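Shown next, in structure tokens, is the structure this report addresses.
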């Protein structure tokens, strides 16, 4: 309602307890070609294809706000390029935009659930067991956070049936508002992404039409 | 906030060898932001995201003084500098994205996702200071001719994240925005020409 | 804010001479605050002060990884480190006191006055940062045995000063709090032991 | 309603115009024993026995919010110890907690009325005549302030019929709120205390049951 | 006797760049040989040579402590170290061969001749000291995932040369053997993970 700093600009990146992860440097000597994507793609963030979501005051703590897996399907550019190659390596950088109204309150948690972890429940009791961050729905700045390619093999086939370290944001505390009149501000959260330092594809293929 | 993934666009240093003259502007014009003819909008709490708040292309028509001077020359070339102002108190919430579409782009609808793929900036409705950003003259020709509007770089302003405010019984508290512009450092006209009456 | 009238409690340096081994923990476990099993509450504007928001004793059961490791050892000893998070905007008012009761105390009701007599901290509901504080292992024995829950130091969280906020027609705007914990620098297990099936 | 600094964190201790006052150092050569209380009691503040009060928007300027006299009856620890001795000396330190909602407004005044002053009226016209402080009901930090033992004799008998420099907080301006909806936040104020540098008792006695 | 035609297999130094973490083990676990779940047999004078005395693959299931820890992580990688003990006096005769089959091998019968073609050791039944030998983690992937048993290197123990002893009227004097194991120097788990209940 105003430009004040009665919000929590918690752009602080709490040190996520995880080592760096090597990207395309591990798959280079195993790809028959030399491939490289447009450097300008590494420059600006861009909304993930499924990058929109919303938190309502009737959402229950534990509901999965989103759960998206690492892969080329997180950038429109990368998704478009993935139709030309067969395989991809590397990490990703994701910004979360949660700039709800100052009359709101509530907290969510974002976790880097590793591969091979059984999908499904991921209850609120165990969401904090993973390397995670606690975010307030009133944060001004976009929250940056990495998406590393914790993998068992050299690269993942561009047909992404593989297991990748998915990133899951879950509602931790109920969303409540504080304004005196007949309205609870549902907060609209967005998700931007861009490839990490050495994200890369491997082997050129005919750019299939119906990807 | 003036950090967009763009290269510096040369203007009036690329059109000099093929222009008869390179005419200058009253330097006072470089020191006053003037309201662009259609750079204004007003967001309402019921405005759905994805709407186009404003859309306007680079050219001497964005500035009344520049439009008046254009009637006296043959061609023009160079960049401009714009700034957006938003009227919102600290009790608001919502985002607006402003992108720089290239001067060759299939017109039509743009979803709230595509708008981020251009070199752009995202702006909260609680920003006090005017948001300044450049309007570069991307082109294939050397210098644009004044007497025919050809394709130029455009600013597009899309409602990114909807407005979240309270409002009294009246009148729903729109957040109004305006856009001002002025010539950049190297905006010049080309060839002095008798001003034809119907320009 | 981590200044409570308490002395540093020695752990795993006092139990070493009488322990067969002193087993260590995966250091990664020391670097992640995990949600305690019952460290959660939600204050309402009609919650009267003096209520117990949460109450929980020190032990390997406060951490899922520590609980899992406890099935592999005979005894444990050491301190832990906890932090409280509160979800409240700047338009709230009310205080919550968190005290460190010693590991021998007649259970029962505690008035809003007695709760301040323990080493404690008072916290407004408008605190952004997590409130960190230690959980020391005050004891009479050297190292606690894993297979029997004996008396340990407890954290008690009492609603000190009631909540003062507005609220829309729904749903009265509770202020929710959560409690996370992790092992301190000198939390160790004692004697490696085959994990019996029903632990 | 938010974590902003739209409040008055006036933890400033306006210089109360009063000299320091010697405590137990004056009664030591007149007590037959050597007595001393637990040092840990001097460490943390604790809510006074009668340390709770509340300000309502219907309270009138001039109403005595509280009026409490210096003595061992201001700490649960000191009150419990007072049953063992016969007499006490020394000063006290008192924190006042007035952290009302940001939509409130109003001011109170705290004064150190000396001994032998006639109890009763203490009208709003004269509350400022004493060494006093003006406090806003929206203060974040606890307001610290001393309670010196301005006395005529060496010590006061632990039966506190004596005259001690009582401390009196009175509502100075009416409490009004500013939020738009059908509610005036009554503010709950608290009072914590702890003994000063050389507060002390004198002579041990049988710890009477019904104190 | 720990000289088999094998190369040193790198573990946890090859899986580090692609693992989020590299978790360590209670060092005490490195200092106790524990009985493998099926590492036991008993040769009789009528046992024909060529029989499989035991056969067991590398993995965290060979050690109760390692099996318990596996429920807490995502992946594992590294080598192990095993030792065989035989109970035979000086009045016996007969040989037993222990081979290291690679982690990709058509299962089926193995004659007493093929068993020698692997990197192996031959052992008389009159050996007092435990026979120590490594179990390396030959693989194609970087680090094995804890929640799915994939192919790993196996130890196979075949009765090479039959037993030649006298025996009283009872009970024919079997020669019993047991197999113990423990983690090698660079056996690690990969990614700390909440222990799912049915692991």
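When the range B:62-116 is filtered for residues that are without any contact (Cβ under 8 Å) to a residue 12 or more places away in the chain and touching a strand residue (DSSP E or B) at 6+ places or on another chain (Cβ under 7 Å), only B:113 remains.
Out of everything in the range D:86-109 that is within 14 Å of chain C (Cβ to nearest Cβ) and under 15 Å from the mean Cα position of the chain (by Cα), what residue ends up being farthest from residue D:154 (Cα to Cα)? Filtering the range D:86-109 for residues that are within 14 Å of chain C (Cβ to nearest Cβ) and under 15 Å from the mean Cα position of the chain (by Cα), the one farthest from residue D:154 (Cα to Cα) comes out as D:98. Residue D:71 satisfies every condition listed in (1) within 27 Å of residue D:32 (Cα to Cα); (2) within 14 Å of chain C (Cβ to nearest Cβ) except (2).
Tell me the residue from A:71, A:62, A:90 that is in contact with a helix residue (DSSP H, G or I) (Cβ under 9 Å, 6 or more places away or on another chain), touching a residue at least 24 places away in the same chain (Cβ under 8 Å) and surrounded by fewer than 20 Cβ atoms within 10 Å (Cβ to Cβ), please.
Numbers: A:71 fails: surrounded by fewer than 20 Cβ atoms within 10 Å (Cβ to Cβ); A:90 fails: surrounded by fewer than 20 Cβ atoms within 10 Å (Cβ to Cβ).
When all the criteria are applied, what remains is A:62.
Considered as a group, the residues in the range A:111-131 that are within 26 Å of residue A:153 (Cβ to Cβ) and outside any loop (DSSP other than H, G, I, E, B) include one that is farthest from the other protein chains (Cβ to nearest Cβ), and that residue is A:111. Among the residues making up the range E:157-199, those that are assigned to a loop (DSSP other than H, G, I, E, B) and within 14 Å of chain A (Cβ to nearest Cβ) are E:190, E:191, E:193, E:194, E:195, E:196, E:197, E:198, E:199. Selection within the range E:125-138: residues that are over 18 Å from residue E:162 (Cα atoms) and in contact with a strand residue (DSSP E or B) (Cβ under 8 Å, 6 or more places away or on another chain). The member of this set that is surrounded by the most Cβ atoms within 10 Å (Cβ to Cβ) is E:137.
Here residue A:182 passes the criteria (1) within 14 Å of chain D (Cβ to nearest Cβ); (2) buried (at least 17 other Cβ atoms within 10 Å of the Cβ) except the one numbered (2). Among the residues here, residue A:7 qualifies as facing chain B (nearest Cβ under 10 Å), buried (at least 18 other Cβ atoms within 10 Å of the Cβ), in a loop (DSSP other than H, G, I, E, B) and in contact with a strand residue (DSSP E or B) (Cβ under 6 Å, 6 or more places away or on another chain). On the stretch given as the range A:44-55, residues that are exposed (fewer than 14 other Cβ atoms within 10 Å of the Cβ) and either assigned to a loop (DSSP other than H, G, I, E, B) or at the interface with another protein chain (Cβ under 7 Å from one of its Cβ atoms) (or both) total 0.
Annotation: of all residues in the range D:110-131 being under 14 Å from the mean Cα position of the chain (by Cα) and surrounded by 20 or more Cβ atoms within 10 Å (Cβ to Cβ), the one that is farthest from residue C:166 (Cα to Cα) is D:113.
A single member of E:12, E:19 is within 11 Å of another protein chain (Cβ to nearest Cβ), out of contact with any helix residue (DSSP H, G or I) (no Cβ under 6 Å at 6 or more places or on another chain), crowded, with 17+ Cβ neighbours inside 10 Å and assigned to a loop (DSSP other than H, G, I, E, B), and it is E:19.
Is it fair to say residue B:122 is surrounded by 12 or more Cβ atoms within 10 Å (Cβ to Cβ), farther than 30 Å from residue B:71 by Cβ, in contact (Cβ under 8 Å) with a residue 24 or more places away in the chain and touching a helix residue (DSSP H, G or I) at 6+ places or on another chain (Cβ under 6 Å)? In short, no.
Residues that are at the interface with another protein chain (Cβ under 9 Å from one of its Cβ atoms), farther than 29 Å from residue E:175 by Cβ and surrounded by fewer than 18 Cβ atoms within 10 Å (Cβ to Cβ) are absent from the range E:31-41 altogether.
Within the range A:10-38, the set of residues being within 14 Å of chain B (Cβ to nearest Cβ) and either within 24 Å of residue A:137 (Cα to Cα) or surrounded by 14 or more Cβ atoms within 10 Å (Cβ to Cβ) (or both) comprises just one member, A:11. Restricting to the range A:132-154, and then to whatever is out of contact with any strand residue (DSSP E or B) (no Cβ under 7 Å at 6 or more places or on another chain) and within 11 Å of chain E (Cβ to nearest Cβ), can you tell me which residue is surrounded by the fewest Cβ atoms within 10 Å (Cβ to Cβ)? Among those that are out of contact with any strand residue (DSSP E or B) (no Cβ under 7 Å at 6 or more places or on another chain) and within 11 Å of chain E (Cβ to nearest Cβ), it is A:153. Scanning the range C:148-156 for residues that are under 25 Å from residue A:130 (Cβ atoms), out of contact with any helix residue (DSSP H, G or I) (no Cβ under 6 Å at 6 or more places or on another chain) and more than 7 Å from every other protein chain (Cβ to nearest Cβ) turns up at least one hit. For residue D:41, the conditions (1) more than 12 Å from every other protein chain (Cβ to nearest Cβ); (2) surrounded by 14 or more Cβ atoms within 10 Å (Cβ to Cβ); (3) touching a strand residue (DSSP E or B) at 6+ places or on another chain (Cβ under 7 Å) all hold with the exception of (1).
Cβ coordinates were reconstructed from backbone atoms using ideal geometry, including for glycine residues, and neighbour counts include every protein chain displayed. Any read-out appearing in this document is the output of simple, stated calculations on the displayed coordinates, not a laboratory observation.
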